[PDB]
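Undergrad: Let me give you the complex in parts, starting here:
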Amino acid sequence: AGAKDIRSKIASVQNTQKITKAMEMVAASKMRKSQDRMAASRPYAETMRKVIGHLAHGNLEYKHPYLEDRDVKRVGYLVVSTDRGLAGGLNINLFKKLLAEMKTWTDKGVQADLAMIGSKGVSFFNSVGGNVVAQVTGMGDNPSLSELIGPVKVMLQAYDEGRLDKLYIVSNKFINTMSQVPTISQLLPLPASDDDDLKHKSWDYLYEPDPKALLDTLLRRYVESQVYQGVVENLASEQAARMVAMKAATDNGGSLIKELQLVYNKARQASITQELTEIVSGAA
Amino acid sequence: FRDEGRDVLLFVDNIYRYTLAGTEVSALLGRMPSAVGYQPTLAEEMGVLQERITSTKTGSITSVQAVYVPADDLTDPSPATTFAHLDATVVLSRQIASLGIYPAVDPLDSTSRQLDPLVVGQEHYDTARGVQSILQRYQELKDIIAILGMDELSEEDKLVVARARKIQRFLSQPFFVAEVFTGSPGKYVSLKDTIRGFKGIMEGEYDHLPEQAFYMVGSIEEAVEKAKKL
Amino acid sequence: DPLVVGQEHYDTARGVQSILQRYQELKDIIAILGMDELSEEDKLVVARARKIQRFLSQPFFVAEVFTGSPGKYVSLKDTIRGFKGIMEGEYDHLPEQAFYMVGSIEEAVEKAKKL
Amino acid sequence: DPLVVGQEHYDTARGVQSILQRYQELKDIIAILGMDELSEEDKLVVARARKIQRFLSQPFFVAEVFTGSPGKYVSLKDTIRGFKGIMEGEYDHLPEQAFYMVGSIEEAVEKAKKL
């Protein structure tokens, strides 16, 4: 033991607990901003996916590489992550689940191409040994699709030059203010829908310009919108996880204070007793 | 005064000073010190003081004793010895006083070991348990409301918060000395009256009154009068 | 000392001490921040140190009254084999509770089968 | 005292002490929570604090046997000038060791050129 050093540790832990409380404040405010931005993003992606859903079952159809169900030789993943710590184990769980599915493809002899949106993902997968083909880091407090387009542009080129056959996006769903889950979702080759063809409503704009080029542009927009909503939702999840972790750290700091103080009190009492015993005995 | 058959109140301005003066006298007499430097007869002197404050077949002496804990150490021999004799603990709070609630007694830290169903009565005991738990739950929801906001709460959660506010305000009381400080005439609430009031607030009656109806209003039957005017 | 006890025994004991000392150092980080902020290597050593601590236990014959478990006698070769196996990660796939109150490492594997 | 010493001298000393006091409180903050939790102004303060705490060091003629370097004597005016320059940011861009174990601030920029 020792009185001054224990009291120094008590002061330091007190200060750290106060700081963790403040960091919880910051995390909560950032979550508010992130969730309202998510609310803005939701309708646009929702409507666009409804569009492509009805295109999944239309008549007077024609082929498109992003539409057909081609075989899988290699798989692409668009991975979102934080660039910061103190967010609990969100990134770890998402990385583990992606590693599980990538292992499943590796069993089948199917290779994985990875594009990272965060620094933690870059570090984790370059040190573990995943083939990072694209990467962007440090997006900022307000993220924008403009900077994220580049990695998506690379992945799109990988698909449209024929090398990449199936493409997935991985992100954490903002299920609630206090609950989230990591997910892997089918992105580029169009997923299934429940419908039959709607024969007619208004005018078939299709052949006013070229159908192929316009459909190309539309599916570009579709993939970009999906990616943007995923990123925004993951930032909301990040703020939630950080606030939970900060609360836990605050409680643990209080727990250490209430015990270091017992050690300090016993130390003070014992020291005073020893010194007084020396004085009284030395009187002789 | 006890032998006259009365129930007397004995106020001790500080018992810690009695203990410390005992230490000083023992040091002057030259006797060897114990523990953290206290007198060898600390427990005996404390017992001699405390054992005389009891109820006799006629008359009684109840005592309120101001307690200071050295170095905020609840294991220090003077606090540890003193607590062995206390039957109840009343804590006064600057935070409660800042809200304007008087007397500024914190209900969560104050305790009494008379508060058992077979000692005070089952109804009174369960009422006290309900009040204490409700105020504790409000103390947690207050942190949550500060951090996130009131939009997160459910209707049950909101109702608990409202009833807790009403209870907190019903704890206040106008004193006769508080006439000069506030103008309120001052009142004396019986045990059954306060039990009935807090039972009523807990079980949902007077949920339709405003929370300011309970502030410094005395008994619940006067809270309804204040709400009638309000 | 390796001159009297042998090099394999000496190395195994020193490795156990090293791992457990590192675990003690990591405890104070874990206490405030939890296990998430550690390096992956640090998490590996945490898992192996916890498994080592569980494997140090042993049900004695003379303690069969307080517990109910049958007693166990373990030879030196068995115990150095077990700790050498844990240190180099041969048994990374088993849960921690498999190592609690078992004898040789084989017994821990059997316990892990029934969890 | 600003009366006993140059008023400039007093302000320089007060500023150095203020900066180093502000660093000590951040020591444990950064140690547990991480460097990048800081604001950019805080990170600027951290940089200047480390540079200042290096510039306090000095080789002595009588401490030459222990280290293997010549001894340095700095005039008071030069000391005030160097610390004023560091606090005002005139040498923000030099590395930490450019101030370590040197004499006047001119010697600091010479060693910075060598670095």
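TA: Cool, the structure landed. Numbering: from 1, shown residues only, chains lettered A, B, ... in the order given.

Undergrad: what residues does chain B put near chain A?
TA: Along chain B, the residues adjacent to chain A under the rule Cβ under 8 Å from any Cβ of the partner chain are B:32-33, B:35-37, B:71, B:73, B:75-76, B:147-148, B:152. For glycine as for every other residue, the C-beta is placed from the backbone atoms N, C-alpha and C.

Undergrad: now, which of those residues sits nearest residue B:59?
TA: Ranking those by separation from residue B:59, with Cβ to Cβ as the measure, puts residue B:76 on top at 34.5 Å.

Undergrad: backbone phi and psi for that closest one, please?
TA: Backbone dihedrals for residue B:76, given as degrees, to the nearest 10, come out at phi -60, psi 140.

Undergrad: Once you drop chain neighbours, what's closest to it?
TA: In space, and not counting its chain neighbours, residue B:76 is closest to residue B:70: 5.1 Å by Cβ to Cβ, 6 or more residues apart in numbering or on different chains.

Undergrad: related to what we said a few turns ago, show the buried residues in the residues of chain B next to chain A.
TA: If you count burial by 16 or more other Cβ atoms under 10 Å in any protein chain shown, the buried members of the residues of chain B next to chain A come out as B:33, B:35-36, B:73, B:76, B:147-148.

Undergrad: Please produce a markdown table containing these, extended by secondary structure.
TA: As requested, these are exported to a markdown table (DSSP: H, G, I helix; E, B strand; the rest coil):
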| residue | secondary structure |
| --- | --- |
| B:33 | coil |
| B:35 | coil |
| B:36 | coil |
| B:73 | coil |
| B:76 | coil |
| B:147 | helix |
| B:148 | coil |
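
Undergrad: give the contact list for residue A:32.
TA: By Cβ atoms under 8 Å, 6 or more residues apart in numbering or on different chains, no residues touch residue A:32.

Undergrad: one more, chain E:
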Amino acid sequence: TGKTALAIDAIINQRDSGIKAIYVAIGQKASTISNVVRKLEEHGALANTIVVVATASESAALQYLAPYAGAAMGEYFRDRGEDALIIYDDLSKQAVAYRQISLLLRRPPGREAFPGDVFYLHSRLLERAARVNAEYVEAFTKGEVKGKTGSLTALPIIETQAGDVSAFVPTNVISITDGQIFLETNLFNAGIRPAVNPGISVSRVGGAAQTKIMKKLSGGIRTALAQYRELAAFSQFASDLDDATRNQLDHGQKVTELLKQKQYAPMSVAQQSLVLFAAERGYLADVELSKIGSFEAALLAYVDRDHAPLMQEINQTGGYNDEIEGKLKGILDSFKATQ
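TA: Alright, chain E goes in next:
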């Protein structure tokens, strides 16, 4: 940390009050006492102060009984119907002298080897400082004066070691007194001098000791600083905050900046009053930057230049009312036009 400085500046500020002053130097080294004496005559009047000196080279009995002799000298004024102010520098060193005396006489030792009656040393030393009613002083003075009330204010000084407040002598003195001015060290090293610390430093006599204008203009300073303490911890690593909290934080930071001043510059009640008024009514809210010291100096210079009558009235009365409130508003409004 400025204990001696605060004491001697109080003494210096009693140049023109009817309050006589006494400075007791216990264990102080001789040359420091000479420096303080030259400062006292240099920055004001030593004619109003009795200086009791017992350096480290004199016998333990003399040091032990120096504060009691000073107490007798102050008690003269106390019971003559006049007010006085006494400072006991390093009461801890008096306790040390008493320890030495007791141990050499073979008396039984106590907690920190101090004799059993060390509490009865400082307690009977300090309980002689009091305010006295008219009947006592009139009977004592045998009717020389009829209606006045004398007093002896005391400002003892204690040195803690590494800031340990639970030591025997400090805890005895803290129990004996009523209110303490706690001078924290890391605020002094930070340059915030004087380094008083709110929250731990209190005044048990309350606002009944303040004059009315100082009482009205100081109630919100307590609240602003209290809010600042907790919100500033959050300040260092936060942005995009609620503007109410932003303003609360920033106003706390600047009111903390305001409450600091040079050593030998004492401030009259009117000057302090108008500076606190500028802080409280928000005239600093748009000037929340490093200039605050120069701003205060310029405000004082301007007010001296053209609005002296209010200064005289406030210094004489200490009163406050609506007309005074509006006149202060006018002064600040006019000053904001100037440098």
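
Undergrad: Would you map the helices across the stretch 51-200 of chain E?
TA: E:60-79, E:91-104, E:118-126, E:134-140, E:168-176, E:185-189 (DSSP state H, counting those that start in this stretch).

Undergrad: My guess is residue A:85 contacts residue C:37. True?
TA: Yes: under the criterion of Cβ atoms under 8 Å, residue A:85 makes contact with residue C:37 at 5.9 Å.

Undergrad: Residue A:127: neighbouring residues, count only.
TA: The burial count assigned to residue A:127 is 9, neighbours taken as other Cβ atoms under 10 Å in any protein chain shown.

Undergrad: Would you indicate which residues of the host helix or strand of it are buried?
TA: Counting by DSSP states H and E, the secondary-structure element that holds residue A:127 is helix A:119-128. Within helix A:119-128, the residues that count as buried by 16+ other Cβ under 10 Å are A:119-122, A:124-125.

Undergrad: now that helix, how far from the chain's geometric center?
TA: For helix A:119-128, the separation from the chain centroid amounts to 14 Å (computed by Cα atoms, centre = their mean, to the nearest Å).

Undergrad: Run through the neighbouring helices and strands of the following helix or strand past it.
TA: Downstream of helix A:119-128, the next assigned helix or strand under DSSP H and E is strand A:132-135. Contact here means 3 or more Cβ pairs under 8 Å, 6 or more residues apart in numbering or on different chains; DSSP states H and E; on that basis strand A:132-135 packs against strand A:111-116, helix A:119-128, helix A:145-160.

Undergrad: Tell me the backbone dihedrals of the closest residue to chain C within the stretch 1-150 of chain A, please.
TA: Going by Cβ to the nearest Cβ, chain C is nearest to residue A:89 of the stretch 1-150 of chain A, at 4.3 Å. Here the main-chain torsion angles of residue A:89 (degrees, to the nearest 10) amount to phi -110, psi 30.

Undergrad: Chain F should go on the structure too:
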Amino acid sequence: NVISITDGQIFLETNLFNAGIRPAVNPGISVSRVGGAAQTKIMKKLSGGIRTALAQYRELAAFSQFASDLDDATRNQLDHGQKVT
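TA: With chain F now in place:
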């Protein structure tokens, strides 16, 4: 008392011994006042750098527990301190 008397100290620590650093010498808490005079010229020359290197290595190692990426000047000193240890 004994620490006050001698011309130097060599500190042996339980933590270092358990960690596997044997002999368990702690630099920065152990010094030799005779210093470079008590060495052959070659040993003087070479030991001069080691003394500062280890002491500042431990400071960097404490200061950078959690920064995943780092400036490679401090990376060089960190790795070199590990090598010398």
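
Undergrad: The buried residues of helix A:119-128 again please, chain F included this time.
TA: Neighbour-count burial for helix A:119-128 [16+ other Cβ under 10 Å]: A:119-125.

Undergrad: If you count contacts, what does that helix end up packed against?
TA: Packed against helix A:119-128, as judged by 3+ Cβ pairs under 8 Å, 6+ apart, are the following elements: helix A:90-107, strand A:111-116, strand A:132-135.

Undergrad: Output the shortest one as PDB, nothing but the C-alphas.
TA: So that's strand A:132-135. Extracted C-alpha coordinates of strand A:132-135, given in PDB (Å, rounded to 0.1, in the frame of the first residue of the first chain):
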ATOM      1  CA  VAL A 132      -8.700  -5.600 -49.700                       C
ATOM      2  CA  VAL A 133      -9.300  -4.200 -53.200                       C
ATOM      3  CA  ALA A 134     -10.700  -0.800 -52.300                       C
ATOM      4  CA  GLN A 135     -10.500   1.400 -49.200                       C
END
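
Undergrad: Mind checking if that strand is in reach of chain F?
TA: No: judged by Cβ under 8 Å from any Cβ, strand A:132-135 and chain F are separated, with a smallest distance of 13.6 Å.

Undergrad: repeat for the second one
TA: No: residues of strand A:111-116 contacting chain F under Cβ under 8 Å from any Cβ: none, with a closest distance of 14.2 Å.

Undergrad: who are the neighbours in contact with the residue in chain B that chain C sits nearest to?
TA: Relative to chain C, the nearest point of chain B is residue B:147 (19.7 Å; Cβ to the nearest Cβ). With Cβ under 8 Å, 6+ apart as the criterion, the residues that contact residue B:147 are A:24-25, A:28, A:243.

Undergrad: Make CSV out of those and add neighbour count and distance to chain F.
TA: Below are the contacts of residue B:147 laid out as CSV (neighbours: other Cβ atoms under 10 Å in any protein chain shown; distance: Cβ to the nearest Cβ, whole Å):
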residue, neighbour count, distance to chain F
A:24, 21, 19
A:25, 20, 22
A:28, 19, 23
A:243, 25, 20
